[PDB]
Amino acid sequence: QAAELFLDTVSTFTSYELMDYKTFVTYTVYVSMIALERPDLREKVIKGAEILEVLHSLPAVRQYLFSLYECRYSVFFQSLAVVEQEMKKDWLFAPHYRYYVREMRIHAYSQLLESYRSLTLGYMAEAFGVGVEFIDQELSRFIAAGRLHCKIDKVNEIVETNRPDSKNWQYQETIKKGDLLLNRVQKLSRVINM
Amino acid sequence: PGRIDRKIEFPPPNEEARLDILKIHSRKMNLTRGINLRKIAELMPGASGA
């Protein structure tokens, strides 16, 4: 919803209640890298004329976008580093910044693991420089969270993909939200009466 | 015969009177802010309010 309501972009320009417009550029671009899919991510920045200049003004913010489309995994640590230092000082991001850290991780891992059906972590050391056990426990905790299922062979240094998630995850959202919803109405049902 | 009534003139549109009223009618139509309301009003001398 944030990026959707941010679609007006430059049409609001500089405003007192909108504070700094240069910083509005950065706030509106920080949300577009999550909920916006890659075709649509470049659809907004490349096709949108009003937003193309403001990104050209700041070379640091532009670096993250074009490096994200470039798929280079060496810069993502350095670029998200700056993004994380700005995330700390700026307000309202204190609660939410730690989720963002892993968000961009899985968003890079998506495009990563979708290219090859069989992959080795030793190859990932070249792009990450150099992850060995780092990405081991990392990816393990991404898998345990049901985020981008992929089967990794331990001590054999093999990663497998799959995952045809359109089966279980299609039907899993129903149970995940259904349980919480009905457990809410259970309380409201026992409230009345007494 | 000058008796009796209140005299109030109806003025023609003026430049400075064109600026604010321009914004007023422009409140309902989506547009960006790169529009210069100063130069656009001087191009329209006379004409009318409507």
# chains A, B, ... in the order shown; residues from 1 in each chain; ligands from 1
>>> interface_residues(of="chain A", to="chain B", cutoff="8 Å", atoms="only C-alpha atoms", output="list in words")
residues 10, 11, 12 and 13 of chain A
>>> write_last_selection(atoms="C-alpha atoms", output="PDB file, in the first residue's frame")
ATOM      1  CA  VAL A  10       6.761  14.139  -8.426  1.00  0.00           C
ATOM      2  CA  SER A  11       3.177  15.391  -8.823  1.00  0.00           C
ATOM      3  CA  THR A  12       3.306  16.595  -5.183  1.00  0.00           C
ATOM      4  CA  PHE A  13       6.839  18.006  -5.633  1.00  0.00           C
TER       5      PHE A  13
END
>>> select_by_dssp(residues="segment 55-191 of chain A", states="helix (DSSP H, G or I)", output="PyMOL selection string")
chain A and resi 55-57+59-70+75-89+97-113+121-128+134-144+168-191
>>> residues_around(residues="segment 72-74 of chain A", least_positions_apart="2", cutoff="9 Å", atoms="only C-alpha atoms", output="number ranges by chain")
A: 67-70, 76-78, 108, 124, 126-129
>>> atom_distance(atom1="atom CA of residue 6 of chain A", atom2="atom CA of residue 86 of chain A")
20.0 Å
>>> residues_around(residues="segment 5-13 of chain B", least_positions_apart="2", cutoff="10 Å", atoms="only C-alpha atoms", output="CSV table (one decimal) with N, CA and C atoms, in the first residue's frame")
chain,number,residue,atom,x,y,z
B,1,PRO,N,-33.6,58.1,-9.3
B,1,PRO,CA,-33.0,59.4,-9.3
B,1,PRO,C,-32.0,59.5,-8.2
B,2,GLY,N,-31.0,58.6,-8.2
B,2,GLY,CA,-30.0,58.5,-7.2
B,2,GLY,C,-30.7,58.1,-5.8
B,3,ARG,N,-32.0,57.8,-5.9
B,3,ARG,CA,-32.7,57.5,-4.6
B,3,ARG,C,-33.7,56.3,-4.9
B,15,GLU,N,-5.0,40.9,-13.4
B,15,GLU,CA,-3.9,40.0,-13.4
B,15,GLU,C,-3.9,39.3,-12.0
B,16,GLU,N,-3.6,40.1,-10.9
B,16,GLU,CA,-3.5,39.5,-9.6
B,16,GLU,C,-4.9,38.9,-9.2
B,17,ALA,N,-6.0,39.3,-9.8
B,17,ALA,CA,-7.3,38.6,-9.6
B,17,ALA,C,-7.3,37.4,-10.4
B,18,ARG,N,-6.5,37.2,-11.5
B,18,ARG,CA,-6.5,36.0,-12.3
B,18,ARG,C,-5.7,34.9,-11.6
B,21,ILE,N,-7.7,33.0,-8.6
B,21,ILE,CA,-8.9,32.3,-9.1
B,21,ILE,C,-8.5,31.2,-10.0
B,44,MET,N,-3.4,36.4,-20.9
B,44,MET,CA,-4.8,36.5,-21.1
B,44,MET,C,-5.3,37.8,-20.6
B,45,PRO,N,-5.1,38.9,-21.3
B,45,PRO,CA,-5.7,40.2,-20.9
B,45,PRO,C,-7.1,40.2,-21.3
B,46,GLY,N,-7.9,41.0,-20.5
B,46,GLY,CA,-9.3,41.2,-20.7
B,46,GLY,C,-10.0,39.8,-20.6
B,47,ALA,N,-10.6,39.4,-21.7
B,47,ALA,CA,-11.5,38.2,-21.8
B,47,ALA,C,-12.6,38.3,-20.8
B,48,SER,N,-12.8,37.4,-19.9
B,48,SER,CA,-13.9,37.4,-18.9
B,48,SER,C,-13.5,36.5,-17.8
B,49,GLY,N,-14.4,36.5,-16.8
B,49,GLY,CA,-14.3,35.6,-15.7
B,49,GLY,C,-14.6,34.1,-16.1
B,50,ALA,N,-15.6,34.0,-16.8
B,50,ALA,CA,-16.0,32.6,-17.3
B,50,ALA,C,-15.0,32.0,-18.2
>>> residues_around(residues="residue 119 of chain A", least_positions_apart="4", cutoff="12 Å", atoms="only C-alpha atoms", output="list in words")
residues 112, 113, 114, 115, 123, 124, 125, 150, 151, 152, 153, 156, 157, 158, 159, 160, 161 and 162 of chain A
>>> write_last_selection(atoms="C-alpha atoms", output="PDB file, in the first residue's frame")
ATOM      1  CA  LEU A 112      19.495 -16.071  -7.743  1.00  0.00           C
ATOM      2  CA  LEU A 113      18.048 -19.561  -7.240  1.00  0.00           C
ATOM      3  CA  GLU A 114      15.519 -19.256 -10.094  1.00  0.00           C
ATOM      4  CA  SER A 115      18.199 -19.380 -12.813  1.00  0.00           C
ATOM      5  CA  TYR A 123      29.970 -20.702  -6.393  1.00  0.00           C
ATOM      6  CA  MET A 124      28.088 -18.379  -4.031  1.00  0.00           C
ATOM      7  CA  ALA A 125      31.378 -17.561  -2.304  1.00  0.00           C
ATOM      8  CA  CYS A 150      15.035 -24.988  -1.718  1.00  0.00           C
ATOM      9  CA  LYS A 151      16.647 -28.317  -0.917  1.00  0.00           C
ATOM     10  CA  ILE A 152      20.329 -28.045   0.018  1.00  0.00           C
ATOM     11  CA  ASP A 153      22.601 -31.069   0.381  1.00  0.00           C
ATOM     12  CA  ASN A 156      27.977 -32.511  -0.423  1.00  0.00           C
ATOM     13  CA  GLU A 157      27.882 -28.776  -1.314  1.00  0.00           C
ATOM     14  CA  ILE A 158      24.819 -29.052  -3.574  1.00  0.00           C
ATOM     15  CA  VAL A 159      21.663 -26.925  -3.721  1.00  0.00           C
ATOM     16  CA  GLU A 160      18.502 -28.059  -5.520  1.00  0.00           C
ATOM     17  CA  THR A 161      15.572 -26.194  -7.030  1.00  0.00           C
ATOM     18  CA  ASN A 162      12.505 -26.825  -7.536  1.00  0.00           C
TER      19      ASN A 162
END
>>> residues_around(residues="segment 37-40 of chain B", least_positions_apart="2", cutoff="9 Å", atoms="only C-alpha atoms", output="ChimeraX atom specification")
/B:15,19-20,22-23,35,42-44
>>> atom_distance(atom1="atom CA of residue 64 of chain A", atom2="atom CA of residue 79 of chain A")
6.0 Å
>>> select_by_dssp(residues="segment 71-159 of chain A", states="strand (DSSP E or B)", output="list in words")
residues 118, 119, 151, 152, 153, 158 and 159 of chain A
>>> write_last_selection(atoms="N, CA and C atoms", output="mmCIF file, in the first residue's frame")
data_model
loop_
_atom_site.group_PDB
_atom_site.id
_atom_site.type_symbol
_atom_site.label_atom_id
_atom_site.label_comp_id
_atom_site.auth_asym_id
_atom_site.auth_seq_id
_atom_site.Cartn_x
_atom_site.Cartn_y
_atom_site.Cartn_z
ATOM 1 N N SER A 118 20.452 -26.665 -10.279
ATOM 2 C CA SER A 118 21.454 -27.208 -9.372
ATOM 3 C C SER A 118 22.530 -26.155 -9.182
ATOM 4 N N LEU A 119 22.870 -25.873 -7.930
ATOM 5 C CA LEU A 119 23.829 -24.826 -7.630
ATOM 6 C C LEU A 119 24.646 -25.250 -6.419
ATOM 7 N N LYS A 151 16.065 -27.169 -1.588
ATOM 8 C CA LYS A 151 16.647 -28.317 -0.917
ATOM 9 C C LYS A 151 18.156 -28.244 -1.094
ATOM 10 N N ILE A 152 18.876 -28.141 0.020
ATOM 11 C CA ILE A 152 20.329 -28.045 0.018
ATOM 12 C C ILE A 152 20.888 -29.338 0.591
ATOM 13 N N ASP A 153 21.898 -29.881 -0.079
ATOM 14 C CA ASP A 153 22.601 -31.069 0.381
ATOM 15 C C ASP A 153 23.783 -30.629 1.237
ATOM 16 N N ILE A 158 25.762 -29.046 -2.463
ATOM 17 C CA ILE A 158 24.819 -29.052 -3.574
ATOM 18 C C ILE A 158 23.537 -28.374 -3.114
ATOM 19 N N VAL A 159 22.950 -27.555 -3.984
ATOM 20 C CA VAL A 159 21.663 -26.925 -3.721
ATOM 21 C C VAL A 159 20.727 -27.262 -4.875
#
